[PDB]
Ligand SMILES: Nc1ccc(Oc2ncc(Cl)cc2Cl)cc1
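Form solved without the named molecule, single chain, as C-alpha cells, below.
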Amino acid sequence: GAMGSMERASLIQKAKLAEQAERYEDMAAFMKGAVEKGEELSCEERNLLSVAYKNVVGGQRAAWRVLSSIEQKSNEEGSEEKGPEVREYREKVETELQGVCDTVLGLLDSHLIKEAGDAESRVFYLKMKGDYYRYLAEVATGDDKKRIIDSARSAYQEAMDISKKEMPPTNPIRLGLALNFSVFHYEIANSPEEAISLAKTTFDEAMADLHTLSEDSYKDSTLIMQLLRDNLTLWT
C-alpha cells in the first residue's frame, strides 16, 4: 500500500481535508490506508470510509448509466453503426467501477466485518457489503449475476436481522439499511411489492418510536424517514 508509511491519524486527518476539497478519490485512498493499519474504525471513521467510496462509485455509476444509454440507442433499429468504441468505453468505466466495488468488499472481508461485534459497526459494514454487491449487480450480465444478487441479498438480510434485534426502529443506520434493501428489492430483485412493504413498515415503526427521541435524534431519524416516503411516492 502506498499509504503504508503514513501515520493512521495523518491518514484520517487528510481524509477530512480531502472531503473539504471535494477530492473523493483521495479521500477513499486515505481511508483505505487507514483501514489497512488493521485497527477497528470508530463511528466517525466508518462514515469517512463510506462517504468517500459512495462518492467515487456514485460518479462511476452515473457515467456508466450515460454510456449504457448511448450504447442501447446505438443498438436500436435504424441506428448508424459507429464501431466498437461505445461498448469499449462503457466496458472501461464498468471495469473501473467493478474494481472499486471489489476494493471495498475486500476491505470488509479483510478484516472489518469479522472484527465488528457491536451492532452499530456490524450492521454498518454488512449494509456496505450489500450496497457494493448491489452496485456490482447493476452492471452484471454473466454466469454469476444471480450469485452477485444473492450475495447482496444475504448481506442485507444479516444486517436486517441484527438491526431488528439490537437497534431501535428509529436508529438511522437501521433506517438507511432498510431504505437501501427496499431499493435492492425494487431495482435488482424484481420485487416491487417487497420493496414497498419494507419501506412502509420501516416508516410506520419509526414513526411510532419518534416520541422517545431528543430533538437532534428526531432530526436525524425523520431525515431518512422522508427518503422512505419519497421512494413510496415514486413507487405508488
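Each residue number is its position in the shown sequence, starting from 1.
Not on display, but discussed next: the form solved in complex with the named molecule.
Contact check for residue 8: every heavy atom lies farther than 4.5 Å from the named molecule in the entry with it bound.
Contact annotation for residue 70: none of its heavy atoms lies within 4.5 Å of the named molecule in the entry with it bound. Residue 186 falls outside the set of residues with a heavy atom inside 4.5 Å of the named molecule in the entry with it bound. Mapping the unseen interface onto this chain, residue 66 falls outside it, with no heavy atom inside 4.5 Å of the named molecule in the entry with it bound. Counting a residue when any of its non-hydrogen atoms is within 4.5 Å of the named molecule in the entry with it bound, the hits in 205-236 run 229, 232, 233, 236.
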